[PDB]
Amino acid sequence: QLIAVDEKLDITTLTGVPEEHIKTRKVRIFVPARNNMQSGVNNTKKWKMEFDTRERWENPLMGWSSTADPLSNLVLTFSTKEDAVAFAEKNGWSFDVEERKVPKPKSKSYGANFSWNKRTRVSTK
Amino acid sequence: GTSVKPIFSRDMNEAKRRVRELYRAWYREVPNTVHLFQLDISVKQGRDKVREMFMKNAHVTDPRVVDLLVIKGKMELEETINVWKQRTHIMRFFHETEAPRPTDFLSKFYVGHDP
Amino acid sequence: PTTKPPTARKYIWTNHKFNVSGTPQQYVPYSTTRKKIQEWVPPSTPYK
Amino acid sequence: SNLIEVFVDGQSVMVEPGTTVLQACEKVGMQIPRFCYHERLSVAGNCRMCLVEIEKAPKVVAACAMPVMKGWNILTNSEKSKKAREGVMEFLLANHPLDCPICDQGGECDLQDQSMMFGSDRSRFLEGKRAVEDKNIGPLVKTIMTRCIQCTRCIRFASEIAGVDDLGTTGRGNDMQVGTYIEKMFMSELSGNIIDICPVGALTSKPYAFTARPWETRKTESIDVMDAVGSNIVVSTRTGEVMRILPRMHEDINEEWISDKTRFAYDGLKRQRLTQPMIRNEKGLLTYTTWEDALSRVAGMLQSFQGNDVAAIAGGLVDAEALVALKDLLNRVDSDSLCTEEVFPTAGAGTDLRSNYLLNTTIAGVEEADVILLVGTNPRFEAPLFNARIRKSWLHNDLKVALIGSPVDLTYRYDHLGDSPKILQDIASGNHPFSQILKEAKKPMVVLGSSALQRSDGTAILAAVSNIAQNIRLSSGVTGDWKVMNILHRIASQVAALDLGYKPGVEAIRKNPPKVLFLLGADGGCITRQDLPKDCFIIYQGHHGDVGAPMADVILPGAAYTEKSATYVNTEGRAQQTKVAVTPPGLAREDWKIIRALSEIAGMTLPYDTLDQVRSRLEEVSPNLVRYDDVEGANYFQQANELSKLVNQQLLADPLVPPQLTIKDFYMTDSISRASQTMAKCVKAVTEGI
Amino acid sequence: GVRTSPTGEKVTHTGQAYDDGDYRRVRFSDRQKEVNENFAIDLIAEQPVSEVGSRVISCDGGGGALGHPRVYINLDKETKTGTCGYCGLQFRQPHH
Amino acid sequence: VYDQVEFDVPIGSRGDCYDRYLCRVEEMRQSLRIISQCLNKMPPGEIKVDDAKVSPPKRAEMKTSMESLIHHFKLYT
Amino acid sequence: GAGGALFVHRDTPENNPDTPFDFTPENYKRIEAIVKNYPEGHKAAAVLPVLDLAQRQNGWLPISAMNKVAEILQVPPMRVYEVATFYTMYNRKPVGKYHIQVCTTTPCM
Amino acid sequence: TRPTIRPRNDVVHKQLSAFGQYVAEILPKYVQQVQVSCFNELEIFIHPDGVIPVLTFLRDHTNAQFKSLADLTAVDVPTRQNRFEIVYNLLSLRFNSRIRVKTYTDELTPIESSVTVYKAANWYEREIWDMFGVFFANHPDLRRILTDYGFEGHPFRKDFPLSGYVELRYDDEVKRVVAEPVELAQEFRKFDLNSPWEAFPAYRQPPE
Amino acid sequence: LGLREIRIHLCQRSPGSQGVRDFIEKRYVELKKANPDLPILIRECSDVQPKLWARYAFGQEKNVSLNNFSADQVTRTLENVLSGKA
Ligand code: SF4
Ligand code: SF4
Ligand code: FES
Ligand code: FES
Ligand SMILES: [Mg+2]
Ligand SMILES: [Zn+2]
């Protein structure tokens with residue numbers, strides 16, 4: 001038996017998140033940038049959802065890093081940006097999406113290193 | 001369309017009926033709760049808190065979400081009646097040791113960085 | 001240790017101490033790092 | 001069409017002629033191991049880690065250099081490829097030092113990761129290892145040469161991207177070494193990038209040494225404010241502290257590089273910081289106070305004065321949210337004296353047309369030009385990544401470059417037409433051979449630096465350059481979307497301020513000396529107390545104690561660019577937003593929040609309470625400020641040229657001389673960099689040989 | 001290499017001592033402050049520099065498998081000495 | 001190597017607490033039997049899989065060989 | 001065995017950038033003749049002979065000789081340093097008047 | 001390939017493949033997919049409506065006889081439209097075999113309780129409801145089992161924070177244990193360990 | 001009480017801004033010649049709607065829709081706000 005519900009999906013009242021962490025939060029949906037210290041690209045394949053950075057302070061004893069933000073560590077992984085957007089929408093979080101940035105195809109040519117009249121010729125090798 | 005399967009109610013009318021039934025049960029339970037747990041609140045305070053918890057979710061328009069909310073409220077009622085809950089659990093609804101957090105712009109600006 | 005003495009080092013304690021908990025010689029934790037952010041020091045002279 | 005079909009592991013793909021095996025494997029999403037190949041450097045082929053087997057071929061080929069042949073079948077996971085990778089890793093690790101626990105590359109090492117992924121798990125090397133002496137190439141790049149795997153990436157980057165030929169290899173065979181052969185400081189505005197491209201711990205960051213490991217860092221993708229290029233960056237933090245700055249790839253703007261000031265001035269964020277509100281006591285000394293007291297004093301002074309009496313000057317690192325908030329607050333008291341420290345001519349169109357004050361061609365466009373003229377600016381220090389793009393075009397597209405100004409070293413050869421501004425007129429009339437050169441150019445580009453505009457005859461200089469552009473346009477017609485006219489900015493807050501209706505320059509302040517002055521991060525020293533009446537109320541808001549702080553009556557501690565989500569507009573007019581990496585120190589607050597709280601205390605509460613509301617107001621004023629990463633604009637050069645033809649201000653005789661004459665000047669320019677000890681070390685290194 | 005601050009508090013090898021206006025010093029009143037007295041920077045500065053007749057020397061910290069990973073130190077620069085990055089021992093070639 | 005040891009499996013009859021107690025006692029005896037077998041059949045050799053991308057190398061290798069140090073670092077981080 | 005020669009340069013009072021070196025006028029005529037052989041725009045190709053010519057006048061190659069060759073040919077000095085340290089016939093230290101080189105490879109051994 | 005590599009068993013692989021084909025042929029109404037893992041672990045993906053039939057057939061059929069339910073749990077995959085993956089593990093003593101049955105659901109769709117088929121499920125379904133919030137229809141006594149009384153939210157869900165939203169402490173003014181918003185003296189430190197170089201080519205996904 | 005600034009948010013390639021575009025193509029120049037001290041900020045618009053903004057003393061603002069306006073309608077509205085009317 002099917003009842004034909006007409007409304008947008010909304011599960012906030014069932015998740016148990018305090019309303020402060022539903023209304024004042026902003027999530028970022030993005031493909032993380034490649035770490036410039038390395039050439040591997042395997043960490044730039046999936047979409048990520050992460051929350052806004054909140055206050056961190058210094059513990060009076062030991063000087064550790066203290067927080068009062070319960071979502072400061074939460075990172076979600078999605079196959080596509082549409083899935084991330086749907087999750088954020090049904091959970092009631094304001095989101096900012098960033099389009100995936102891919103490196104453009106570059107024309108490489110080893111022989112260009114030894115151009116007869118071009119500027120591309122290498123002064124050393 | 002939208003091709004969904006219900007839990008208990010087919011439209012909002014049946015869901016509202018179940019909400020009213022659960023509200024009746026909580027209303028009847030409040031005086032017994034005050035007696036058994038030896039709470040220092042009045043019955044009026046307890047019924048006001050029950051109404052406030054019910055009104056927290058007044059904006060819901062999905063019969064399935066309402067059915068799940070009634071299931072959770074029935075779980076809480078069963079828990080309260082059987083004394084699985086302790087006085088600390090009942091008093092957690094009133095937040096008696098939580099300092100009031102302000103909502104206006106200026107006080108928030110004074111205290112810290114969080115909006 | 002009389003027939004097999006331990007190796008001698010000049011940083012090893014020459015005087016053993018017992019559990020000094022609950023005593024004015026007890027350990028009190030503290031941060032061992034230095035200050036991170038330095039604040040601006042206003043000039044000591046009047047500006048007008 | 002011209003595509004050829006090749007197979008990677010038996011799977012068909014279409015590739016352009018001349019595509020290397022590595023790129024074809026990348027088309028199907030497979031990454032070939034590499035050490036010496038970098039897609040932005042010239043191909044080397046030396047490491048030999050990329051060797052792969054082609055079906056029905058006995059010899060493995062180097063995938064990074066070999067062009068795919070039609071009908072070829074790459075085999076990236078065959079036994080031959082795996083054994084090649086294992087042997088090459090073995091030869092690479094034979095002489096490598098056991099340095100991982102003390103190496104800064106530790107958790108970020110391409111050598112380590114590719115050893116784990118493609119190499120063996122054991123050593124059968126039973127000899128002694130080679131050791132080499134360390135080189136000293138300055139205070140920014142730490143050198144531990146034993147770790148070098150001889151990739152030669154540093155040599156290719158320095159020669160091709162940076163434009164310097166200081167690095168090289170001396171000796172041969174096993175004893176071959178990478179260095180300078182003499183005591184030389186590899187000092188350049190793009191030097192720090194050789195740390196990023198070096199795959200091992202041979203080249204590391206000296207300021208960053210030993211402080212953190214990569215797995216503990218939190219990554220915040222943000223934007224740089226050290227200049228007007230708006231380079232994408234990653235701020236790495238740990239336990240509420242900024243560890244370092246890394247490049248973030250943006251093809252359109254900065255590629256994968258950043259300038260040395262963008263990379264190494266972050267430590268200045270930890271020095272000379274304004275942490276608490278301050279007021280002048282009875283003896284005229286600045287002392288700490290509460291937010292309420294300072295805001296009440298400022299609000300009292302604001303209520304009493306209005307109109308022309310109240311004024312504001314914006315500094316170089318201010319964001320659009322704070323700018324619009326201050327604009328609204330001063331408008332509520334009927335004030336229009338909202339100015340910047342950087343002068344742009346207000347004659348004719350002025351700020352009226354967005355096209356007039358922007359780099360219309362864009363950073364990406366330089367790659368499509370064949371002639372560029374630069375007037376009164378040093379591209380290398382005012383916008384190092386822009387100059388890098390120019391050198392990339394000069395190297396790969398044979399771009400012809402001419403300059404009018406002092407003969408500064410741009411790292412690439414250009415044509416020096418002189419330094420007299422009258423030469424501009426000579427080009428505009430047509431008597432100069434460069435007029436003929438521009439006449440026949442398909443994609444001519446003329447760039448005028450904002451620094452040149454600072455001088456008194458700037459309105460005239462802009463008119464002459466616009467005349468040159470108009471002559472080109474009328475002679476050659478409009479090819480379509482080319483936008484010959486360009487303005488090169490150097491200040492991060494300037495374009496957004498102009499977009500908001502702020503009046504460029506501090507002239508109106510001198511014309512109408514105010515009683516209440518709002519210094520919003522303004523540390524340029526343009527307006528002092530000699531230029532103001534007595535009993536003038538000066539309010540400074542910012543994050544650093546600099547020129548603008550010790551001359552103020554009330555000090556309001558603001559947040560730096562790393563401590564807020566704020567909008568900045570670059571030279572292109574593209575709008576980008578920073579993210580919170582850490583919160584502001586002490587009692588410091590967000591700048592627009594300071595302005596909004598002050599407005600509430602003074603009774604004229606601003607309509608916006610959150611960041612989304614202030615960005616909605618931003619959209620109300622100038623809608624392009626909420627279209628992040630959009631750079632499309634309309635050309636209104638004809639109208640601006642008409643409006644510029646009205647006045648005929650005379651040109652000065654003074655030769656065009658940029659502020660950043662040499663490399664030493666490049667380092668300490670703003671308040672964040674002036675507080676940086678690393679920049680002080682860099683200045684000491686470029687002035688003193690040692 | 002211990003030394004006291006103007007407040008009478010011992011300064012650690014790290015160099016941290018509570019400031020005069022820092023309330024946190026109250027945690028030491030009626031108790032003590034833990035300070036290790038053997039400063040490693042001073043102790044390693046007393047070791048004599050080892051003279052070896054080769055351009056490249058090897059260090060493993062002593063004890064074989066009980067030391068640190070074995071590393072090779074170049075000794076071509078004569079203006080300085082080769083320092084182990086693990087143990088801190090110094091090496092030089094016979095000079096002058 | 002449980003297929004290489006010999007032991008009986010205790011079985012009850014009534015499904016009560018008493019039968020479960022007898023089963024556990026006899027299980028204790030059979031464990032003694034298995035232990036005796038394991039003591040007499042312990043072979044020589046290495047103790048972890050000879051695959052340094054899964055199991056950490058020995059400390060002497062970690063302090064002499066570059067690959068061993070790299071694999072120790074990566075396996076422990 | 002190992003090479004023995006160092007491939008870094010440290011300034012000395014007898015070998016520094018201010019050590020006097022200059023070609024003779026006859027050597028300048030020879031340099032012009034050497035330069036002419038190569039195609040125009042490819043003047044660097046004369047690094048190998050001209051450097052040798054310097055060594056044939058001075059006896060060895062002080063760092064000032066490398067700087068002079070680099071300035072004459074308009075080649076970056078590090079390129080001349082690379083050439084000087086790569087090839088074994090270039091003397092980056094003074095040698096005797098007579099340089100005895102005995103072959104010890106397998107057929108000769 | 002000998003000493004350090006786990007040996008294969010093709011006989012069990014063939015037997016499990018044939019039995020998976022058997023099960024799929026007998027119940028086409030519900031069986032969507034059948035898989036045999038490389039280490040011989042049979043998996044049968046089904047439609048949710050067939051939870052009760054499939055299991056019943058599997059426990060009752062003469063050639064099946066999986067009379068014992070090892071365990072029943074759920075997996076949360078937020079990227080899927082149907083968030084939750086319900087996994088039943090069954091053991092057959094007569095044939096000395098194991099089988100895994102998997103189905104899917106989302107936050108608002110109930111699954112049929114299988115207490116009738118297996119008595120063991122009772123607490124397993126209560127646990128799934130408590131940790132993930134998956135409602136089970138026709139369940140005898142469905143309520144929280146693991147979490148504290150009055151605890152809001154489901155901890156096992158991917159979105160839920162590791163340390164939750166509230167903590168407990170004893171308060172002397174009210175003379176009782178109170179729940180307050182979580183504050184941490186030291187924040188849990190998030191590590192980024194994933195290597196930027198691919199480890200397993202056999203699992204590479206198409207480049208989309 | 002008086003005009004302080006004008007803002008014209010026109011959309012670069014939408015049909016409903018076409019007439020407004022013509023205005024800036026032809027009639028903006030002389031309007032700036034007549035008003036050398038009045039900031040008329042010309043800005044780009046997103047797919048919503050073309051608009052004109054007028055600012056008065058003490059930060060009072062209200063906007064006028066220019067959707068589907070022809071160039072003459074645009075300049076009529078601009079002269080109406082520029083004069084002591086409406
Ligand atoms: S560069 Fe990499 S492999 Fe070499 S010591 Fe450093 S971390 Fe280890
Ligand atoms: S220092 Fe780094 S970039 Fe330069 S050659 Fe050595 S490994 Fe390559
Ligand atoms: S990446 Fe091809 S040889 Fe180095
Ligand atoms: S000349 Fe001696 S081996 Fe050839
Ligand atoms: Mg490096
Ligand atoms: Zn050592």
Side-chain angles (χ1 to χ4, degrees), chain A residues 35-39 124-125, chain D residues 34-38 40-41 44 46-47 49 92-93 95-114 131-132 134-137 140-162 166-171 176-180 186 191-206 208-209 214 244 246-247 256 263, chain E residues 40 44 47 49-50 52 57-64 66-73 81-91, chain F residues 63, chain G residues 82:
Chain A
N35 177 13
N36 226 50
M37 304 293 279
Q38 292 195 245
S39 288
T124 188
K125 137 178 117 302
Chain D
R34 68 204 68 191
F35 281 110
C36 74
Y37 169 78
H38 199 287
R40 295 184 200 283
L41 305 175
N46 66 49
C47 75
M49 185 66 185
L92 276 169
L93 291 194
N95 285 285
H96 204 68
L98 271 77
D99 269 15
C100 301
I102 54 170
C103 187
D104 272 322
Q105 206 67 39
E108 268 162 338
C109 184
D110 261 327
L111 183 59
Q112 270 195 358
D113 277 342
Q114 293 180 74
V132 306
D134 283 331
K135 283 83 189 177
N136 175 54
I137 54 160
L140 289 178
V141 178
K142 189 194 209 172
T143 275
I144 291 189
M145 286 335 234
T146 294
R147 292 167 194 164
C148 194
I149 58 176
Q150 291 84 38
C151 72
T152 78
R153 274 188 178 174
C154 42
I155 306 176
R156 290 178 271 141
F157 177 90
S159 183
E160 292 143 29
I161 308 286
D166 278 359
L167 289 176
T169 46
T170 55
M176 179 194 77
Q177 296 156 32
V178 169
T180 54
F186 174 54
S191 87
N193 297 283
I194 70 177
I195 297 153
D196 280 315
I197 57 150
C198 177
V200 283
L203 299 183
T204 44
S205 182
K206 200 168 280 187
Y208 185 61
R244 55 159 182 194
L246 285 177
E256 75 180 67
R263 189 188 289 272
Chain E
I44 198 59
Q47 292 295 134
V49 190
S50 177
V52 279
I57 203 59
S58 209
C59 188
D60 70 326
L66 297 182
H68 64 73
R70 189 213 288 133
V71 291
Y72 292 79
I73 305 170
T81 78
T83 302
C84 178
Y86 280 102
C87 189
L89 297 171
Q90 291 176 260
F91 305 84
Chain F
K63 291 183 195 189
Chain G
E82 291 175 32

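All ligand and atom numbering here is 1-based and tracks the order in the structure. Just so it is clear, the values below take in all heavy atoms, side chains as well, and ignore hydrogens, waters and symmetry mates. Numbers restart at 1 for each chain; the letters A, B, ... are given by sequence-line order, proteins then strands.
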Worksheet item: Around the Zn ion (ligand 6), how many protein N, O or S atoms are there at under 2.8 Å?
Response: 3
Worksheet item: What protein atoms of element N, O or S are positioned under 2.8 Å from atom 8 (Fe) of ligand 2?
Response: D:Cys151 SG
Response to the item:
Heavy atoms of D:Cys148 and D:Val200 approach each other most closely as CA-CG2, 4.4 Å
Worksheet item: So how far is it from D:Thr204 OG1 to D:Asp104 CG, rounded to the nearest 0.5 Å?
Response: 5.5 Å
Fill in: Angle subtended at the Mg ion (ligand 5) by D:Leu203 O and D:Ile195 O, rounded to 10 degrees
100°
Discussion item. Quick check: closest heavy atoms across D:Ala131 and E:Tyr72, and the distance to 0.1 Å?
Written reply: CB-O, 3.6 Å
Practice prompt. Begin with the C-alpha distance, continue with both residues' side-chain angles, and end with the deciding distance and a verdict on side-chain contact (heavy atoms from CB on, under 4.5 Å) for D:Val178 and D:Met145.
Written response: CA-CA 8 Å; D:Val178 169; D:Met145 286 335 234; 4.0 Å; yes
Worksheet item: Tell me the salt bridge (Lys or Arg N to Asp or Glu O under 4.0 Å) pairs involving residues 142-155 of chain D, sequence neighbours left out?
Response: D:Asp99-D:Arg147
Worksheet item: Do you know which two heavy atoms are closest between D:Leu203 and D:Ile194, and how far apart they sit?
Response: CD1-O, 3.6 Å
Worksheet item: Is it the case that G:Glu82 and A:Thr124 place a side-chain donor and acceptor less than 3.5 Å from each other?
Response: yes
Only pairs under 3.5 Å count here: list side-chain donor-acceptor contacts from residues 83-90 of chain E, not counting sequence neighbours, and write none if there are none.
| unit_1 | atom_1 | unit_2 | atom_2 | d |
| --- | --- | --- | --- | --- |
| E:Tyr86 | OH | D:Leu98 | O | 2.6 |
| E:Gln90 | NE2 | E:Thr81 | OG1 | 2.8 |

Worksheet item: Just checking, is any N or O donor in the side chain of D:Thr143 or D:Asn136 under 3.5 Å from an acceptor N or O on the other one?
Response: no
Worksheet item: If only atom types and distance count, is the side chain of D:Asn46 paired as donor or acceptor with the main-chain N or O of D:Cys151 below 3.5 Å?
Response: yes
